[PDB]
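A.B. asks: Got a sequence here, can you build the structure:
(7 chains, ligands or ions: 105)
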Amino acid sequence: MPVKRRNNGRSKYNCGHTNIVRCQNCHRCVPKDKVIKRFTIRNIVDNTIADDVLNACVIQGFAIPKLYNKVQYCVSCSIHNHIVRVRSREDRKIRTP
Amino acid sequence: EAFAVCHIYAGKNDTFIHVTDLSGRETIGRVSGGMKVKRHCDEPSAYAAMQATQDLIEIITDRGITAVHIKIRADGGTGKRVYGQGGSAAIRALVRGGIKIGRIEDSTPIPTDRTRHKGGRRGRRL
Amino acid sequence: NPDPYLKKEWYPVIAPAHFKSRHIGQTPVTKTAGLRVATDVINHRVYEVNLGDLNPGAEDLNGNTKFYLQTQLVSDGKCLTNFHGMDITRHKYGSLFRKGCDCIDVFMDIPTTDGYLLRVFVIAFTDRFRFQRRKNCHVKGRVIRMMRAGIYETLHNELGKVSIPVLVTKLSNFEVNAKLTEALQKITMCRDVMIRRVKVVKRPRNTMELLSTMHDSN
Amino acid sequence: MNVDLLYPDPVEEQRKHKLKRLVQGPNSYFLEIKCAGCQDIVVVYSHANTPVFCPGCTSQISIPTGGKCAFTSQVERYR
Amino acid sequence: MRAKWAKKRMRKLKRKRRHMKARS
Amino acid sequence: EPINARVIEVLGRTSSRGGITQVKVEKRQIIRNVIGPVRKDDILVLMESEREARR
RNA sequence: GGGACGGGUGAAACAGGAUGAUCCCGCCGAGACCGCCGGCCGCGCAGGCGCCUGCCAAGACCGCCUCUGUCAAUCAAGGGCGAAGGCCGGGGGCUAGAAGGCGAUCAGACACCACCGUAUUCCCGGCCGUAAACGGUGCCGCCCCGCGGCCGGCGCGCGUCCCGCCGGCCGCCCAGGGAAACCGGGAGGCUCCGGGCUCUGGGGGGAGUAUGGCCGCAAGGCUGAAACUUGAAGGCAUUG
Ligand SMILES: [K+]
Ligand SMILES: [K+]
Ligand SMILES: [K+]
Ligand SMILES: [K+]
Ligand SMILES: [K+]
Ligand SMILES: [K+]
Ligand SMILES: [K+]
Ligand SMILES: [K+]
Ligand SMILES: [K+]
Ligand SMILES: [K+]
Ligand SMILES: [K+]
Ligand SMILES: [K+]
Ligand SMILES: [K+]
Ligand SMILES: [K+]
Ligand SMILES: [K+]
Ligand SMILES: [K+]
Ligand SMILES: [K+]
Ligand SMILES: [K+]
Ligand SMILES: [K+]
Ligand SMILES: [K+]
Ligand SMILES: [K+]
Ligand SMILES: [K+]
Ligand SMILES: [K+]
Ligand SMILES: [K+]
Ligand SMILES: [K+]
Ligand SMILES: [K+]
Ligand SMILES: [K+]
Ligand SMILES: [K+]
Ligand SMILES: [K+]
Ligand SMILES: [K+]
Ligand SMILES: [K+]
Ligand SMILES: [K+]
Ligand SMILES: [K+]
Ligand SMILES: [K+]
Ligand SMILES: [K+]
Ligand SMILES: [K+]
Ligand SMILES: [K+]
Ligand SMILES: [K+]
Ligand SMILES: [K+]
Ligand SMILES: [K+]
Ligand SMILES: [K+]
Ligand SMILES: [K+]
Ligand SMILES: [K+]
Ligand SMILES: [K+]
Ligand SMILES: [K+]
Ligand SMILES: [K+]
Ligand SMILES: [K+]
Ligand SMILES: [K+]
Ligand SMILES: [K+]
Ligand SMILES: [K+]
Ligand SMILES: [K+]
Ligand SMILES: [K+]
Ligand SMILES: [K+]
Ligand SMILES: [K+]
Ligand SMILES: [K+]
Ligand SMILES: [K+]
Ligand SMILES: [K+]
Ligand SMILES: [K+]
Ligand SMILES: [K+]
Ligand SMILES: [K+]
Ligand SMILES: [K+]
Ligand SMILES: [K+]
Ligand SMILES: [K+]
Ligand SMILES: [K+]
Ligand SMILES: [K+]
Ligand SMILES: [K+]
Ligand SMILES: [K+]
Ligand SMILES: [K+]
Ligand SMILES: [K+]
Ligand SMILES: [K+]
Ligand SMILES: [K+]
Ligand SMILES: [K+]
Ligand SMILES: [K+]
Ligand SMILES: [K+]
Ligand SMILES: [K+]
Ligand SMILES: [K+]
Ligand SMILES: [K+]
Ligand SMILES: [K+]
Ligand SMILES: [K+]
Ligand SMILES: [K+]
Ligand SMILES: [K+]
Ligand SMILES: [K+]
Ligand SMILES: [K+]
Ligand SMILES: [K+]
Ligand SMILES: [K+]
Ligand SMILES: [K+]
Ligand SMILES: [K+]
Ligand SMILES: [K+]
Ligand SMILES: [K+]
Ligand SMILES: [K+]
Ligand SMILES: [Mg+2]
Ligand SMILES: [Mg+2]
Ligand SMILES: [Mg+2]
Ligand SMILES: [Mg+2]
Ligand SMILES: [Mg+2]
Ligand SMILES: [Mg+2]
Ligand SMILES: [Mg+2]
Ligand SMILES: [Mg+2]
Ligand SMILES: [Mg+2]
Ligand SMILES: [Mg+2]
Ligand SMILES: [Mg+2]
Ligand SMILES: [Mg+2]
Ligand SMILES: [Mg+2]
Ligand SMILES: [Mg+2]
Ligand SMILES: [Mg+2]
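C.D. replies: Numbering: from 1, shown residues only, chains lettered A, B, ... in the order given. Ligands and ions are numbered 1, 2, ... in the order given. Shown next is the protein structure:
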């Protein structure tokens, strides 16, 4: 077991301790700077009915509301559900989204 | 032209479709996804929800209601925030039953700071 | 069971005179029988109504505000509603947040000149300048403190001594908003400065004169 | 190009820290200001953070600012 | 053995020895 | 009361073993799964138009 | 109000319901918690640190033609603080939940999964003194190719910007170093070996054990052998 990453697998810079979050899939405790974080904006009605709601609406000029959700998962759940992948040694250095 | 309110509870394990008046104090028709099925695992599915909504339509047309505002919620609390499978199926079975649509809104209960959810600090080890 | 809707009947609901679409709807109740009086048990129900439903036509502007009105008298087969609160929609609230900027939340207790007590919640955000090198919008503490103090003095000046009908005029007009911006623009760049909630904490038991002036235009 | 460390250019030497120059020296200086209503003239430190008054006035004419100090309604010089 | 449980076992052993030596 | 739909085009093999195919039929654009060998402009007997195929 | 199931799971079963639940809306009580914003942001000696308003004492940095005159560095003994769990005496008690109970699964399941739940979790006054208490990297001082990001203070320039300086937190990296991984703000300037100070190690086991001593209410902590046994244990890296 040598060192695998320069950040030790987290984003902790000039502090001793950080907050705890609960994984939204399995509910384990994870430090906040380690948890995998994604933000999503979606429509409350699925796009496959997004025009039939609209055509059956009495209010003139209505606009379909949206949902704003920040999903946070642990390492195990992120790998299992394919939010992140295991990468090659060269590829691990890439930070591009 | 005669507005009521539809509360759709789209949860993990079951669905509720519930119509009340504009204040919420008086109900006009209430069905669930689990009154249309035999398998416990099919209560939160789209097909049970649609067959339950089709009988809600029958109840609430005969009582004179013609339009509904929609308030759709997930489980909330400290649990899931995403809707169950039958959520949009109820809205589709409502659009294709003659009901006209007014205002839409998410009514999931979200805390401003919370108590501790079940599971322990290692999670559900499956 | 016998079908209870054989014994039901519907009453109209009417909004205060400030608005234009004065008919909210009808509501059902069981006919009077025994000791429960129909026009005693429909009193004090609360209705949430979108402002774009009460003043229709200006959808882009009025479509994210909701008014809470509760009936306080049933005269001549009609329910007469009165102001019960103000709140913005959930998707509107969620849309206001981004990463890189600052969020300011403030509340305060405001008595009115006719026996009420209100709790008012305001929210504001910082913004980029048109020519700045950085991409974050965080500001120093000498600016946060000044923004908070300016919000306090403004809501003290504008709503310091008002009546409920004047309050409802301003809340449905976004007049107060259009000046919380004005106070706060002289300090930094800020994008969404608005009253986000009005709560009623305590009221007089008797509101007959207030209800009388709110409903008949006056 | 060939710089000699023993005779540095003063212009690029003034932009360095006062202590890592070849010969350390102060950054501040004195200067003359004129009272807006009195003909006379007084000599003022450039980095003052203590009261400075007119010969006549009883209003303080300087504002301490954490660096070079500013002044209230007076017009200055350099000597 | 996992060293944590070996330590637990050793502590129980030492406490048993102290108790037995307490008599007499 | 079954209805007659008409395949508008073929989208691909769905199941883990081939088998069924996803098709666009038709004034609608309903997407459904079929077991047999479907060409273009084949007429299908639909028992309901209510259910739509996943994805 | 209304009227048949609800809960839970990968699938189920035990808990709940015609004493009307689940669901909708209004009202009330109590104790925790402080979301989105929230970060290659920031602060503190480390442990750690996030609701509103008020009060109280402090701190590093920067700026300076202010004062003193070596008043310093590192440190056995000694003093102080120190996550979580745990202990003593009071208080409180929502949530979750060691122990215990119960439904499944399984050859078995005293476990993983479901449900109920005691101590505990929170406050006050003390005790205990340990963590992968981690950057697995002691403290003070000097020199050191460069290219960037962010935070605090200051100065010059044009017309917010732009170029510098000091202090902090980060990324990449020529040389050099190294068993290599890698370091590079050092893990460089070192077999071409010497700036100052304190601590620790000397093949693997036995063993952090026995014994004695000090501390602790206890659980412990600190200090800490020998007989005997063995030819390897271990690091980083290559192919399968
Ligand atoms: K190793
Ligand atoms: K290691
Ligand atoms: K880590
Ligand atoms: K930090
Ligand atoms: K931090
Ligand atoms: K992430
Ligand atoms: K994990
Ligand atoms: K059932
Ligand atoms: K909670
Ligand atoms: K829970
Ligand atoms: K529980
Ligand atoms: K459990
Ligand atoms: K756990
Ligand atoms: K838990
Ligand atoms: K648990
Ligand atoms: K645990
Ligand atoms: K743990
Ligand atoms: K674990
Ligand atoms: K654990
Ligand atoms: K668990
Ligand atoms: K501050
Ligand atoms: K400040
Ligand atoms: K602050
Ligand atoms: K310099
Ligand atoms: K300088
Ligand atoms: K200067
Ligand atoms: K160990
Ligand atoms: K151990
Ligand atoms: K241990
Ligand atoms: K059933
Ligand atoms: K709690
Ligand atoms: K902040
Ligand atoms: K910040
Ligand atoms: K901040
Ligand atoms: K900070
Ligand atoms: K900061
Ligand atoms: K800062
Ligand atoms: K901060
Ligand atoms: K901050
Ligand atoms: K100064
Ligand atoms: K000294
Ligand atoms: K020394
Ligand atoms: K020391
Ligand atoms: K010592
Ligand atoms: K000591
Ligand atoms: K302590
Ligand atoms: K402790
Ligand atoms: K305890
Ligand atoms: K409790
Ligand atoms: K408590
Ligand atoms: K415990
Ligand atoms: K158990
Ligand atoms: K076991
Ligand atoms: K096991
Ligand atoms: K429980
Ligand atoms: K205990
Ligand atoms: K307790
Ligand atoms: K705890
Ligand atoms: K507690
Ligand atoms: K302790
Ligand atoms: K160790
Ligand atoms: K570590
Ligand atoms: K040391
Ligand atoms: K900055
Ligand atoms: K800066
Ligand atoms: K800073
Ligand atoms: K700054
Ligand atoms: K700065
Ligand atoms: K700077
Ligand atoms: K510097
Ligand atoms: K520096
Ligand atoms: K610097
Ligand atoms: K540094
Ligand atoms: K030392
Ligand atoms: K040591
Ligand atoms: K040591
Ligand atoms: K040692
Ligand atoms: K002994
Ligand atoms: K003792
Ligand atoms: K004792
Ligand atoms: K005890
Ligand atoms: K003892
Ligand atoms: K003992
Ligand atoms: K001992
Ligand atoms: K080895
Ligand atoms: K080793
Ligand atoms: K090993
Ligand atoms: K090792
Ligand atoms: K190697
Ligand atoms: K090797
Ligand atoms: Mg300087
Ligand atoms: Mg002490
Ligand atoms: Mg202590
Ligand atoms: Mg509980
Ligand atoms: Mg419990
Ligand atoms: Mg230790
Ligand atoms: Mg340690
Ligand atoms: Mg250590
Ligand atoms: Mg930084
Ligand atoms: Mg940093
Ligand atoms: Mg760095
Ligand atoms: Mg030694
Ligand atoms: Mg002993
Ligand atoms: Mg002893
Ligand atoms: Mg090798």
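A.B. asks: tally of neighbours for the residue nearest to residue B:20 when sequence neighbours are not counted?
C.D. replies: Nearest residue to residue B:20, sequence neighbours excluded (Cβ to Cβ, 6 or more residues apart in numbering or on different chains): residue B:27, at 4.9 Å. Just so you know, the C-beta spots here come from the backbone N, C-alpha and C atoms, and that holds for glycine as well. Look at residue B:27: counted by other Cβ atoms under 10 Å in any protein chain shown, it has 13 neighbours.
A.B. asks: now swap in the one 4 residues further on and tell me
C.D. replies: Residue B:31 sits with 23 neighbouring residues when counted by other Cβ under 10 Å.
A.B. asks: Next: residue A:88.
C.D. replies: With other Cβ under 10 Å as criterion, residue A:88 counts 8.
A.B. asks: Next one: it from residue A:75, what distance?
C.D. replies: Taking Cβ to Cβ, to the nearest Å as the measure, residue A:88 falls 18 Å from residue A:75.
A.B. asks: who touches the residue in chain F that ligand 6 sits nearest to in this structure?
C.D. replies: Closest residue of chain F to ligand 6, Cβ to the ion: residue F:55 (27.4 Å). With contacts defined as Cβ atoms under 8 Å, 6 or more residues apart in numbering or on different chains, residue F:55 is in contact with residue F:22.
A.B. asks: what residues does chain E put near ligand 9?
C.D. replies: Within chain E, no position is adjacent to ligand 9 by Cβ under 5 Å from the ion.
A.B. asks: Now do the helices in chain E.
C.D. replies: E:3-22 (DSSP state H).
A.B. asks: Over to chain A?
C.D. replies: A:52-55, A:75-80.
A.B. asks: So for ligand 10, which of these sits nearest?
C.D. replies: helix A:75-80 (18.3 Å).
A.B. asks: nearest spatial neighbour of the residue most central in space within chain A, skipping sequence neighbours?
C.D. replies: The C-alpha lying nearest the average C-alpha coordinate of chain A belongs to residue A:38 (Cα atoms, centre = their mean; 2.3 Å). Nearest residue to residue A:38 in three dimensions, chain neighbours excluded: residue A:71, at 5.0 Å (Cβ to Cβ, 6+ apart).
A.B. asks: Does that neighbour touch residue A:25 like I think?
C.D. replies: No. Contact between residue A:71 and residue A:25 fails when scored by Cβ atoms under 8 Å: they sit 9.0 Å apart.
A.B. asks: and stretch C:156-175, how far out from the chain's middle?
C.D. replies: Averaged C-alpha coordinates place stretch C:156-175 at 11 Å from its chain's average position (Cα atoms, centre = their mean, to the nearest Å).
A.B. asks: And for it, what's in contact with it?
C.D. replies: Applying Cβ under 8 Å, 6+ apart, the external contacts of stretch C:156-175 come out as C:16, C:18-19, C:51, C:54-55, C:61, C:65, C:67, C:83, C:86, C:110, C:112-114, C:116, C:118, C:120, C:176, C:179, C:194-195, C:198, C:210, C:213-214.
A.B. asks: Tell me where the longest helix sits in chain C.
C.D. replies: helix C:141-158.
A.B. asks: ok, and does it reach over to RNA strand G?
C.D. replies: Yes. Using Cβ under 7 Å from any atom of the strand, helix C:141-158 reaches RNA strand G at residue C:148.
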